[PDB]
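First comes the structure, then the notes that go with it.
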Amino acid sequence: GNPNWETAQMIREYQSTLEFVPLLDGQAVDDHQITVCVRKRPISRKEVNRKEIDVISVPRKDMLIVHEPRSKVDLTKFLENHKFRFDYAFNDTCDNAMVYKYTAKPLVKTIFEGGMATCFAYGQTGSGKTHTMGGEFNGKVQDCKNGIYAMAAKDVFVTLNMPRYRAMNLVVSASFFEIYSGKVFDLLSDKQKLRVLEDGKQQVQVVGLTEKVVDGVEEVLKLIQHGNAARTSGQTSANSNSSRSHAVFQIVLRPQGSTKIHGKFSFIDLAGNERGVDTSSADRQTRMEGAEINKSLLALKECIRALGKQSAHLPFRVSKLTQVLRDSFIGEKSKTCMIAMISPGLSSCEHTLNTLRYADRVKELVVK
Amino acid sequence: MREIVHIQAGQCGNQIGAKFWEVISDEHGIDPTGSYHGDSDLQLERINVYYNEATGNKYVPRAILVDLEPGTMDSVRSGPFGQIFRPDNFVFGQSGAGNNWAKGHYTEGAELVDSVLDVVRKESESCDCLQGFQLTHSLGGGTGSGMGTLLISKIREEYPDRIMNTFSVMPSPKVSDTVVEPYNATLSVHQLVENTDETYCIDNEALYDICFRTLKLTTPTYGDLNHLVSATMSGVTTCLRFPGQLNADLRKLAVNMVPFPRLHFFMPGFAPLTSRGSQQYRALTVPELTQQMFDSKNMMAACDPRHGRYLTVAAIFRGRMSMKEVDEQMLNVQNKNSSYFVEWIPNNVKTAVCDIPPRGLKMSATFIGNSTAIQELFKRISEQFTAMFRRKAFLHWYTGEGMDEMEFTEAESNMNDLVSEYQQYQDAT
Amino acid sequence: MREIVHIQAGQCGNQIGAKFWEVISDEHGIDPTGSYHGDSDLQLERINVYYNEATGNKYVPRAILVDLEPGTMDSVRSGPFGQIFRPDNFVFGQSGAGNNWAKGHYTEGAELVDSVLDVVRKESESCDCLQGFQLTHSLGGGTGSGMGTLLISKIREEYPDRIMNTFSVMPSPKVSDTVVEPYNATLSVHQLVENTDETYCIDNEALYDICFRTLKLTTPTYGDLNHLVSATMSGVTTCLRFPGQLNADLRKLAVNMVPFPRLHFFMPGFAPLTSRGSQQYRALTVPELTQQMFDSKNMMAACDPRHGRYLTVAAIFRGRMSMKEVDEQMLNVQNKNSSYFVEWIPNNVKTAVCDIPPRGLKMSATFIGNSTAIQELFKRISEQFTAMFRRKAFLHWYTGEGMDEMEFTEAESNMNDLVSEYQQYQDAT
Amino acid sequence: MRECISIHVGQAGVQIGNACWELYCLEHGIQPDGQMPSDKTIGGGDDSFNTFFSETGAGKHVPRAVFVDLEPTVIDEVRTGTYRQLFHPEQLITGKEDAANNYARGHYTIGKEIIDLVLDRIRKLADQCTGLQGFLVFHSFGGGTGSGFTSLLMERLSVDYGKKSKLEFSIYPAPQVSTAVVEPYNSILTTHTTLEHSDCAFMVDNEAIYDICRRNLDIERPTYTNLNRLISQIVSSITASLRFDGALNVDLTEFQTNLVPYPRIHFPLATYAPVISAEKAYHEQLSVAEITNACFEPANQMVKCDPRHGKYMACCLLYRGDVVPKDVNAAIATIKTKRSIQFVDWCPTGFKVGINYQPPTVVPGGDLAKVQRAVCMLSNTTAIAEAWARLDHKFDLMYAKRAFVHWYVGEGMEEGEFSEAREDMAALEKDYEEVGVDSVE
Ligand SMILES: CC(=O)O[C@H]1C(=O)[C@@]2(C)[C@H]([C@H](OC(=O)c3ccccc3)[C@]3(O)C[C@H](OC(=O)[C@H](O)[C@@H](NC(=O)c4ccccc4)c4ccccc4)C(C)=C1C3(C)C)[C@]1(OC(C)=O)CO[C@@H]1C[C@@H]2O
Ligand SMILES: CC(=O)O[C@H]1C(=O)[C@@]2(C)[C@H]([C@H](OC(=O)c3ccccc3)[C@]3(O)C[C@H](OC(=O)[C@H](O)[C@@H](NC(=O)c4ccccc4)c4ccccc4)C(C)=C1C3(C)C)[C@]1(OC(C)=O)CO[C@@H]1C[C@@H]2O
Ligand SMILES: Nc1nc2c(ncn2[C@@H]2O[C@H](COP(=O)(O)OP(=O)(O)OP(=O)(O)O)[C@@H](O)[C@H]2O)c(=O)[nH]1
Ligand SMILES: Nc1ncnc2c1ncn2[C@@H]1O[C@H](COP(=O)(O)OP(=O)(O)NP(=O)(O)O)[C@@H](O)[C@H]1O
Ligand SMILES: Nc1nc2c(ncn2[C@@H]2O[C@H](COP(=O)(O)OP(=O)(O)O)[C@@H](O)[C@H]2O)c(=O)[nH]1
Ligand SMILES: Nc1nc2c(ncn2[C@@H]2O[C@H](COP(=O)(O)OP(=O)(O)O)[C@@H](O)[C@H]2O)c(=O)[nH]1
Ligand SMILES: [Mg+2]
Ligand SMILES: [Mg+2]
């Protein structure tokens, strides 16, 4: 309605004193083998009706700044520039969905180049991340023509149909898992636990898995449905469905019947987190659950703080998912990336900021 | 208040408790019958932590004796305190593991664990609120190796957020009392890294050096070896039973003493330790005990602490003391020996002060350290392990019980990562 | 006040009462002669429920002993309490059923039931007002199977609105003590579904497990097996004899414990049960008894209650207690085990508190449950039944006594509907 | 009559609480059964003051006491000791688990289901009072309840009681000796809310009061019984203005306007004059100018810090007993004369004199004895900035190595809360640079 408008007067002054190099989805997104990208959701019509104030600058292609109001020791307003050098800094206005393609392009190569090209989706509740990987891209009714996975699950058959890659006698195969309750449940069986061990070559060896073949870009979506048809875990009407399962979408590439693997993907879904202390456990059940998550997520960046550094030692064993993905952290031809999703709330700045603290341990470097 | 369930596995483990449960009852003043006849009432203030009440003024120790595979059983019943356990808690079977891991964890454990886990839930709901699961067993053997680790997989599953300590007697690097001793170490610790909060890694050779070099004893019997270990146990739960000016929960230890969720392998320590008649030529002070605690020949770990780096230590002090002397002696050690420690940790020592000593003494202490000097021990076992497996030595007593070759490769690389990620932190970084 | 007629059928049934009638007289303090020598007068307040007066201060148990087919008779007379029954109530015949149903219900019963039903009406009109018809017998055998069900067809006809309990010892699914045991089960229960208000379905294998696993007994005799059953009977009519702060009629049970007029097949339970000398290491409280009552190995039913769903349970408590502890322990069980019960019933538990314990104890209890876990038992008998009938095994001992083939098809489909309509309610709907 | 509300948060506060109320009942002639048989003989005075006490119809006097520690082990010494029948038996034990020295278990996971038992118990006790509410919170840093439960206590009482007085006495950890290794983590996570809600934040230290027991008291063996009695003398040298007839009685609110220049910088760093032994009561006069000059020395501080590396902003001299005001102002310009203790430009005035004419009394059973006069300087400085450099560098040491973090992240807190608490202390300790640097022209 009418918050402090001078809040916005503080914002615009930094804007009209500098260059700004925006970034759109109409350019060749080059390759690095590693990154952490960004994409925010647009300001809603409601937030405008409530006069929500801008909080972001997009000064550059690989950097973003937050506009935090503060106060001094005489109640004088102060503004902070949260200078965050990152790799890819996309706007909420530029959502043409090529971000996935620009993220897929390096990865669509690797498995077909014989490598382990993985990813993760990281973001706050209501930050638009279910609109970012699970699809579809319309923002209205999730119209079943723009499945964001299908923008490279097309590639699974179309880049397969690449005559350069038609030479390779390769099979379609993949696997969905459930990292939850400190255990591994199958999304194909799909109520049973499996166990996973290593090889003399320090591979990974699942025990009792269903490996599914498909000639359908929707047949894999059926297994995402049938995979989600477990509808686990921790379901309620809270966060949001709260059916929080760290949903592994892993790929199994090899020849027709040779049993010899020529690469991998693993694209993983974040769980359903709880907004600080706003939730309630009221049970030793839930008091376990979020604790397991908030550790299991934290340890992930650590071996990446070992691998993205880069370093040598690597403790993949505190989390089973890193025991699943100890493989991925080792290959030289093994890409990785991860995505940030943001909400324009000013109350969200307390959490969209805690979002970004998690990815900073690459030791990015602002030269400004 | 919080209460503690006490579990015993292996032929070793209940023999530890058989002296140990005598110590606690003498710490409060309780007969073989359960009739309390202590001196003061201050020992009555936390009876509930181990002992629950019975009908006529009787106290029953909450001890679930899994390891009474029948030869070991009658000795416990025909002991000094066979008339103190509730006889329905003697949960056991027939024709035991036979120093086989798979006969402890895969075949006979499945014919006993349903009879065990129920009796766990019996004493569980008789408690107001739980934290304590003190498993007393050894590595290397049978029941303590396969049947011991089976409960720790299960009781963690029914109780995800409870304190899990296992005071496991480790193998010895020179005195090998078991031919299959590396094959029981690698498998059982592979459970322990996954599902323990802390453990008290104890060797017998360290107990051998302490009883002979320090206590000057001619013939140390296993009751006298374990009485050293029994001193560790009662010292740690001193503050959860007695009012202290700086208290010590198990969880207060189990947030301070562990930096990283995997590295929770502890070495204990105890002082005073002397050999005398009734005239001994010394004087008990705070720097008297302090120098004794940090001695390389006063470890129950069988390693040189000066070879590794202390990650963190725990000084749990008992008896009447003075905090400044306690503070500055812990200060002076971190000063004069700063090159020993992990340097990139601000404080490397914590304290804990109970206010009541044991019966005979006037002051006492309990050292608990966690070092990169225990990096030696698993290196002194995994090398013994990897010589047996390349020649594929004892496989037909294991593959014929329900195991697999891929299980052994999975087992050691768990242990290979600990010694690898102790080298990261013994290095000056 | 209301009074109870007590009937015994079968070789099993009077052997149950022979210990049981000793218990009631010792519950009040009555000699073998009928001379009352109890301690207080509170046990005198409801003598009339079982015992009517005689000439000089003597009390006579209203027990009509149908089953004294003459071999069983003299043992009852040459027992501890042969000098307590009115000898005209020994109603019997010659050349009995011989473990044949039709020889109990069709041929020799017609030559005895007119001598029985009159003696029923004798003790009937000596009562002020009736409710109680406690038939004590077994299934599986002879007199308890054919002659037992004959009275229940008749006494219901003369007394349509009276409480009808039969504490029938059921067959055992493994220990088969009778070759024709499924043929006596299917026929006699076909009477019981039609004309009983409640029944206490009891197995001997459940009595076998209780006497051995829990009571730790070497050689359980049938006096000691049935003494467990005798504890059930006196516990239920405790409140109809003793003043309790939450009373318990048979009909108060027989409106609460039954949802639907056909499904009235109950399993009993009892606590405390222990093995000791005189020192036992426990303590009697309300949560002490509560956990013991709901145990799968503390059922007299020989089934896993966790396999089925409890429709409803009945906690009949004796001795001095506290209602909040009684309330919350029944509350906590329905909370922690809510997936076990029938979920679409608001409260799944009721209580009943008498104020007077038995002689030796200080507190006691009596569990009565009704479950879809008894769906197992008739399934474990009707499968044994249907293997005999397809080969038409023992028909010439039945068709030659006045039966028909169409009677057997009619008999099992009654029983086939109970297991069918227990599947409707063990399902989560 | 004005009043004060005592909340001894956690185990350090209860040990302090064992002596504070002990000292008061000795001052007001009160036995441990709440009676006053001494003024039954005299028959005058309301000396069981509405400052700290109520009175039932039998004459038994009841404190304004309440205390929470989340573990029954500490409070049972009270409920079995000499002070069993003194307090009202709603002493909130209620801990099914000790907080285990982390902030998260703590403000987040187990502070719930206990705080509603606390705040309700407060407002029952608050309605016994007529006028000035003074919260006196007694917590340490480093402990679980002293940091976790304290941070819950402020943002709930700040809503339920508006803008009344909050006097919270934080035991600040030493830059040299810490009895806990995770203690630098608790001592920064509380600072996100200690800075915001709390009115006045005292600091003391053990390593300062250890030196004083060997130097001024001359005892080689200090125990917490003899440590906390000096902090007990600090409080009684404050609240005596709310109790006793003094030449310049000073309300708690008079502290607040004076000692707090800017709304966040309230850290006023108490001292005392404890040179008693009591052989050194002889060989020594201890006039006004004698005990005034004790405030000079960095060896007389209660915080292990040199005052000579910054500026002062405000001071508060509070005198007890046989004090003459002309002797005060003599002992003031001498402190203005010395150019080493130095002020800022923007506070040319400086001091504030408060004078009771009732001296403190002797705690029997050791250690000190009857001195005729006393002093409690209350003075924030800019020198307290470098004590936080002696804590943040400890904090930033074990942050890069991701230590101790799973017992915070898995207990209801995000890892983003740590860099929130870091940039709080990064911004706050930066602001002390803005104070001493004066705007020259
Ligand atoms: C005259 C005198 O002071 O004798 C001492 C004594 O000489 C010494 C050598 C004792 C003695 O201990 C041993 O010789 C010993 C034997 C087997 C295993 C371990 C030790 C002593 O036996 C042990 C005994 O310990 C206790 O009384 C403690 O309360 C101890 N109790 C038991 O271990 C115990 C023993 C038997 C039955 C019940 C309990 C304890 C320690 C920690 C926690 C709980 C209890 C003490 C002080 C002494 C003797 C009697 C000689 C020492 O041990 C202890 C545990 O105090 C050995 O080094 C210390 C130093 C003592 O000064
Ligand atoms: C020293 C002491 O306390 O001894 C107890 C005893 O040890 C235990 C083990 C008793 C004992 O019972 C049995 O061993 C037993 C034998 C056959 C069948 C069933 C039980 C006891 O015999 C049984 C006896 O029971 C009674 O006195 C009741 O009043 C009981 N009476 C009879 O069953 C009875 C027996 C013989 C003659 C007349 C009556 C009763 C129970 C319900 C309703 C009415 C009466 C009691 C408490 C004990 C002994 C004596 C050892 C237990 O049984 C009962 C019924 O109380 C078995 O588990 C309980 C727990 C008792 O503590
Ligand atoms: N001066 C003084 N310091 C104390 C006292 N008790 C504890 N401390 C200090 O306080 C810190 C430990 O915090 P405690 O107050 O004991 O912990 P707590 O608040 O009870 O929290 P938990 O025990 O963790 O639940 C250490 O720095 C101790 O030196 C005391 O009585 N006096
Ligand atoms: N990038 C985007 N562009 C346009 N609209 C968007 C975008 N992201 C989200 N929206 C719209 O914002 C609304 C909320 O998005 P949604 O993906 O449902 O949120 P969420 O993060 O899944 N919330 P929740 O399930 O409650 O935790 C929907 O109406 C979307 O269509
Ligand atoms: N400290 C100690 N060690 C023991 C004891 N008994 C056996 N051991 C050790 O335990 C291991 C053998 O296992 P044991 O417990 O006897 O086998 P189990 O009965 O199959 O569990 C070896 O390392 C022995 O040295 C004992 O009483 N005390
Ligand atoms: N519990 C119990 N069961 C009995 C007893 N006597 C016989 N039975 C059981 O009763 C059945 C045999 O019937 P029984 O009463 O002896 O035959 P009847 O005389 O023809 O009625 C079998 O299932 C036996 O196991 C007894 O005294 N107690
Ligand atoms: Mg959503
Ligand atoms: Mg505490």
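Easy rule for this one: first residue shown is 1, then count along the chain.
The deposited model was determined using electron microscopy, 4.0 Å.
A Cβ is built for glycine as well, from the same backbone N, Cα and C atoms used for every other residue.
Features reported for this protein in Swiss-Prot:
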type: BINDING; residues: A:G123, A:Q124, A:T125, A:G126, A:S127, A:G128, A:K129, A:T130; note: ATP binding site
type: DOMAIN; residues: A:33-365; note: domain 'Kinesin motor'
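DSSP gives A:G126 (ATP binding site) a coil state; it is part of no helix or strand.
Among the binding-site residues listed (A:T125, A:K129, A:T130), A:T130 have a CB atom closer than 6 Å to some atom of ligand 7, in sequence order. Each of A:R41, A:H131, A:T132, A:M341, A:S343 belongs to the same chain as A:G123, A:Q124, A:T125, A:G126, A:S127, A:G128, A:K129, A:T130, is absent from that list, and has a C-beta within 8 angstroms of the C-beta centroid marking the ATP site.
One residue stands out among the binding-site residues A:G123, A:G126, A:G128 for having the most other Cβ atoms within 10 Å of its Cβ: A:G123.
Among the binding-site residues A:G123, A:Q124, A:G126, the residues whose Cβ lies under 6 Å from any atom of ligand 4 are, in sequence order, A:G126.
Counting other C-beta atoms within 10 Å of each candidate's C-beta, the binding-site residues A:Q124, A:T125, A:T130 are led by A:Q124.
For A:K129 (ATP binding site), the count of additional Cβ atoms within 10 Å of its Cβ stands at 22 [all protein chains shown].
Same-chain residues at least 6 positions away in sequence with a Cβ under 8 Å from that of A:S127 (ATP binding site) are, in sequence order, A:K40, A:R41, A:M341, A:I342, A:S343, A:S348, A:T352, A:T355.
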